[PDB]
Amino acid sequence: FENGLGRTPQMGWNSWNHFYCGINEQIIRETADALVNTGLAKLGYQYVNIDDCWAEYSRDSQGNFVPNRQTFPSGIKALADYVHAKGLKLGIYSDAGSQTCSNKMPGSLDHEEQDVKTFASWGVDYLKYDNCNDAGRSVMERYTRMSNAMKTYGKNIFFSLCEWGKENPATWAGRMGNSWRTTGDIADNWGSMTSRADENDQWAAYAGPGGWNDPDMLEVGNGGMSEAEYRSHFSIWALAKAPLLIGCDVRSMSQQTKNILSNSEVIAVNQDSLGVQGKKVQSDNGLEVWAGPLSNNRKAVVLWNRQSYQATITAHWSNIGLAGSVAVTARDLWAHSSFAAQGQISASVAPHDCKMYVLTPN
Ligand SMILES: OC[C@H]1O[C@@H](O)[C@H](O)[C@@H](O)[C@H]1O
Ligand SMILES: [Pt+2]
């Protein structure tokens, strides 16, 4: 999508993974405060995105969305002003259908232009567009309608498509938006997170500046996985140029949660100027190696132990894009230490944990 937005994957927060339909303006305002106070905003997490359940069940007499009078009494415009004053951006959610997936508010089908104009007037900076209640109309028709409305009335609004990988969006969504969900919903558990990563991985070649594969919102900090599993989750999402939308309650994070989300070296891989999605390059009995190119001839590498026991994983130069005769300085992103390497890197990796490195050629 050539709208000057999403030149790098979007970074922010989304209310769904932790709050689901139980969201309100107080939570959004406090979340904005938290992103700033915790230092996350400075690291790049700028989008404060509201998901489902923010509007009234019905539109007003003019056919416009109405912020939920119970949970968002102050309105979206006021909320956007609040967030903007904090140096952040505000995201909203709608659906390419008659109602959102929760069936608690309207969708924008046949109201695309009016809704985008409304969002723009409110100061909305991002739109996640779901796929429920399609009224028997095609994915391409419904999304094309909103794409057109956005390109004309919402030029400064990031466009996130959410149609769960139906019809292989990686092969066409880039001409319609800035990112597209490639899979069904992620859940806060190991099986879900790993399968989302695997499914998203097959579309690596289609990702690039302006159009990203979206393996869904981060579950880091929600309690369903271990610290090791979350470290791998964050590392892989970063390497895969996935959107980095925090999904936990950033107002009450543990130090462990903050440490994972706050690793600027890992974030830098996700935000790399080359904008290439890293992918799985080695997979031997659950011991995997994921890698991809970075700017200035560098490489990003993740050793991921998907087994239940401690194991040694070895990343071979030939599999990560380097000639065997290339000496480099390896940077362990989680240990925050540098060392010399050539030919390969071997390391003992903990169960479900990982090792992440950036290789800088000598
Ligand atoms: O109802 C809200 C819920 O709807 C689903 O369709 C999306 O995939 C989720 O990410 C979330 O937005
Ligand atoms: Pt299309």
Side-chain angles (χ1 to χ4, degrees), residues 1-3 10 12-24 27-28 47-55 57 65 68 71 91-109 112 124 126-135 137-152 158-189 192-193 195-196 199-200 203 206 210-220 222 224 237 242-248:
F1 207 53
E2 299 303 307
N3 64 344
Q10 63 267 49
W13 172 93
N14 177 294
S15 64
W16 192 255
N17 281 3
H18 180 77
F19 303 86
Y20 298 89
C21 194
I23 190 66
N24 66 51
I27 294 170
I28 302 300
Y47 287 109
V48 182
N49 301 344
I50 301 168
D51 207 79
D52 205 345
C53 301
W54 62 267
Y57 187 86
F65 268 124
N68 194 291
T71 53
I92 204 158
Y93 164 104
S94 192
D95 183 289
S98 57
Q99 285 179 290
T100 55
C101 290
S102 70
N103 288 158
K104 297 297 190 60
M105 52 171 283
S108 299
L109 187 54
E112 300 88 350
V124 169
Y126 183 119
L127 170 68
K128 173 177 170 177
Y129 207 50
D130 221 331
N131 196 49
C132 290
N133 302 296
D134 59 39
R137 291 159 71 172
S138 75
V139 165
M140 213 57 68
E141 193 229 335
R142 294 179 290 108
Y143 281 84
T144 290
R145 293 178 57 80
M146 182 50 89
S147 183
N148 269 289
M150 290 282 276
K151 289 184 290 184
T152 296
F158 185 111
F159 190 26
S160 160
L161 284 78
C162 181
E163 47 85 71
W164 327 304
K166 294 296 182 178
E167 293 172 38
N168 305 160
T171 67
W172 54 264
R175 291 216 297 176
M176 203 168 265
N178 298 108
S179 70
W180 48 85
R181 283 275 303 281
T182 51
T183 72
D185 294 10
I186 186 171
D188 192 21
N189 66 72
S192 178
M193 186 274 289
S195 58
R196 259 87 289 277
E199 288 169 22
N200 185 68
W203 309 106
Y206 296 95
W212 312 105
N213 286 308
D214 179 7
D216 221 346
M217 307 166 292
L218 296 167
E219 289 284 13
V220 178
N222 281 327
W237 258 236
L244 297 183
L245 296 179
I246 299 172
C248 62

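Read the numbers this way: they start at 1 and go in the same order the structure lists the ligands and their atoms. One-based numbering along the sequence shown.
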Next on the checklist: side chain to side chain contact (heavy atoms under 4.5 Å, CB included), that's the test. Do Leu218 and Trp13 meet it? Break it down for me.
Outcome noted: CA-CA 9 Å; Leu218 296 167; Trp13 172 93; over 6 Å; no
Checklist entry - How are the rings of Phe159 and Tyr129 set relative to one another: parallel (under 30°), tilted (30 to 60°) or perpendicular (over 60°)? => result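 Tilted: the ring planes of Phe159 and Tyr129 meet at 30° to 60°.
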Next on the checklist: Would you call the rings of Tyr206 and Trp203 parallel, tilted or perpendicular, taking 30° and 60° as the class edges?
Outcome noted: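 The rings of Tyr206 and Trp203 sit tilted, inter-plane angle from 30° to 60°.
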Next on the checklist: Give me each pair satisfying side chain to side chain donor-acceptor pair (under 3.5 Å) with a member in residues 94-107, each pair once, sequence neighbours excluded.
Outcome noted: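 Sorted pair list: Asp52-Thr100, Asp52-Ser102, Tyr57-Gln99, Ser94-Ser108, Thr100-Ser102.
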Item to check | For ligand 1, the residues whose heavy atoms come within less than 4.0 Å (ordered by chain, then number) | outcome: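 If the criterion is a heavy atom under 4.0 Å, then ligand 1 touches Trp16, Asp51, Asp52, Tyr93, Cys101, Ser102, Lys128, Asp130, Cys162, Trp164, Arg181, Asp185, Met217.
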Item to check | Contacts of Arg142 that satisfy side chain to side chain donor-acceptor pair (under 3.5 Å) - sequence neighbours left out | outcome: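 Side chain to side chain donor-acceptor pair (under 3.5 Å) list for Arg142, sorted by chain: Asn131.
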Checklist entry - What residues form a side chain to side chain contact (heavy atoms under 4.5 Å, CB included) with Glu199, not counting sequence neighbours? => result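 For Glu199 the side chain to side chain contact (heavy atoms under 4.5 Å, CB included) partners, ignoring immediate neighbours, are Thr183, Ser195, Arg196, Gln202.
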